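Let us start with two forms of the same protein chain, each given on its own as structure tokens and named structure 1 and structure 2.
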Structure 1
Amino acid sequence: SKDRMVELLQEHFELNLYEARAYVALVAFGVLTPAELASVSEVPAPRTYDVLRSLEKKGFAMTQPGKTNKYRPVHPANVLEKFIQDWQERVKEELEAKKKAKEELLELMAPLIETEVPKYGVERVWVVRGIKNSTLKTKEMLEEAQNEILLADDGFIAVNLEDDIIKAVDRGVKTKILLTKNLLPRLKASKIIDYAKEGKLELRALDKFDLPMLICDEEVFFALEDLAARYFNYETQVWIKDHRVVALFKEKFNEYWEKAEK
């Protein structure tokens, strides 16, 4: 059962193999010198000196310093109990430290904490050119619109999104639709005209506007004008997610909005 004594020492009292063996030897034989320890234990001769000295610091042994160091064991009923008590104080301090750390981390993370869940990533700028990619990107904006939808279309949009707008409107999203006159001839409803008549959305027409745009909440979608590209529907478009930037486009839209209607 000496192995058991040694086993319980390493596991619950911060003693390593040799230190555990050394202490067990002391209790059993009483007073030992490093050399004597080597002959009655499994502690290597060369190590018994620092192992006994080690126990000395841990409170497991008392010593007679001299040419020949004598070591006697502390009564296990004392050292073992003293340890647990000491251990409990160390644990209390570590607990106080973890709690302090938590309070600090919480104050630091307060400003950084984000309650909005990123819908399709953290990117706030996206460059689109394809007809497919332009369509998907626009559908995302409308699908995620919550407050307002401002659409100034001259025809740069590759797809008719009557259903996506109407789906957005039925969700309670305020919608303003601005069209060029020579799009109405192809804009026979096909709803929207219906929703307009029913006052479910606003619909105004204008002959000319140079900066067509799609605004959804705090996002804007616009093209970098390229007349040739627009024909091939490969015109470069930009999506931006920023209230400052969108607020600017929103001012431009309202300038258009107050100038025409049919």
Structure 2
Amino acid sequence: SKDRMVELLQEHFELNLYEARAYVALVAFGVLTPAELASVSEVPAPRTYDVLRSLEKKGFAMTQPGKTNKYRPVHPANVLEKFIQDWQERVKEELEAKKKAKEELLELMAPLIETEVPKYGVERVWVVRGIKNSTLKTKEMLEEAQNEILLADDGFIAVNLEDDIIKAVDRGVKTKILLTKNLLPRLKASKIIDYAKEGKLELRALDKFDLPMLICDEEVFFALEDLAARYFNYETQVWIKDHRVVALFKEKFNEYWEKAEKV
């Protein structure tokens, strides 16, 4: 069928409907002029000229340039195979590009390939105010703790965390507890003081320090001192995850720690 011939030329050889109908006509009728083509095909008369001129450049037709151009079809066995061979050459190029593209992309993404898995995760700063949320955040910090826990506490933070502190120490994370001397009686026969006497965690006391902090593996949790709101459980507290910043606080802690006294 000519319908089938037209379909195939469109589907596999990059000819539009009109160009395809034209080339079939040229093959069926041999030599045609734009005028003749129109009479023996469904190619619109107005379009015959450019459509045939289109087959010309694509290699499906040869031509005689004159007052009225006449066209002959190239032999389908020559052009169709030519098309395929050329196509394969394009493919062969598009392929090599893809490989060089791949090689380069891997070189570009080299520095970015990240094994670490974010748990929050794009967030490295978190602002907490309530007493509920301040505890839920310390809980997470102690749970995700894998290396060291440094706790300089002015009050309830260390007494309420005891359950969570113990569990962490059990996993093998180095724990250092630093309290204000006035808070000691709050730890009567507590499992912390028990662990401290065993050697499973370091415990020390200081009369005072101005910047209490919780440190967990490059995570620091501190408060913005407001005694006004500190009565109001709505005291602002900040969680920051960064090697540099947390390292700055760790220095301060070590300053405290090297001046305190173990129980």
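Each residue is numbered by where it sits in the sequence of structure 1, with counting from 1. Each form is matched to the other, and the largest set of C-alpha atoms that superpose within 1.5 Å is called the rigid core.
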| item | value |
| --- | --- |
| Large Cα shift (2 Å or above) at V159 between the two structures, core-fitted | yes |
| Cα shift between the two structures at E235, which is computed once both forms share a superposed rigid core (Å) | 1.2 |
| For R90, CA displacement between the two structures after the core is overlaid, in Å | 0.5 |
